């Protein structure tokens, strides 16, 4: 059956659908499928990685029932975690600059996260320190950031779940640091040694490429064009970052050729870009 009945919201975390593109892909390319992460507020790969870390903390005794998660976070990262935290039944404390995520914080608060606004003057440093202080002072559990070195097994399984156990010939995604992408690269590589992993960037900033086959750069105007094409032709209203990913995925698809599979991700919907030249008309 197409409509899923599930006993818990937690089963949905990072489990947004993976959808074939049927109109914008060249006839001679690999198939391009897009994980529609923008569907569901806790619907990203990163979100299920965050759920994994929470489960592994339970397993390692480091977080017990009616405990508190503390996290120096912002954006759709913090929204995802707030979703995850409330889904799992834990009190969540988010520390952030007062200057960061006007209204995106109301989203976090909507999931019953406790927000601690740190002074603008320090930025992220002030937020990190306050979280660190809260660990030291209140005995809250702070997730280790994925990017920094100092289980892998549960991580891999969780990533595989977010893929629906589909192992592509190539995966293409945006990066913050590249941390998430590295974890994904590792998990996919376990299942297919030949998988190609591509970081996508817009047209200091220095990536760790150890697990990557390629860094792809996409022009902003191209990202917008691709997004509009997906909207019009596919009926999936993707954002600019999604559009950038789709454009990248197609490039890789043209190289791979017929009968291969490329997976990419749509982190963002068109909704977020109402002010931009995405919505001309």
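Positions refer to the first chain, counted from 1.
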message: Checking chain continuity here. Are there deposited residues lacking coordinates between residue 150 and residue 151, and if so is it 1 to 3, 4 to 9, or 10 or more (or none)?
response: 4 to 9
Residue 102 to residue 103: deposited residues without atomic coordinates: none
query: Out of 264-272 and 11-19, which one has CA B-factors that are higher on average in the deposited record?
result: 264-272
query: Between 159-167 and 188-196, which has the larger average Cα B-factor in the PDB entry?
result: 188-196
- prompt: Can you tell me which of 83, 144, 172, 94 has the highest Cα temperature factor in the record?
  reply: 144
- line: Based on the PDB entry, the highest CA temperature factor among the options 176, 183, 112, 75 is that of 75
- prompt: By its CA B factor, does residue 44 count among the lowest, middle or highest third of the modelled residues in the chain?
  reply: lowest
Chain-relative CA temperature factor third for residue 245: lowest
message: Per the entry's values, where does residue 68 land by CA temperature factor relative to the rest of its chain, in the lowest, middle or highest third?
response: highest
- line: By the entry's values, the third containing the CA B factor of residue 231 is the lowest
- line: Of the three thirds of the chain ranked by Cα temperature factor, residue 59 occupies the highest
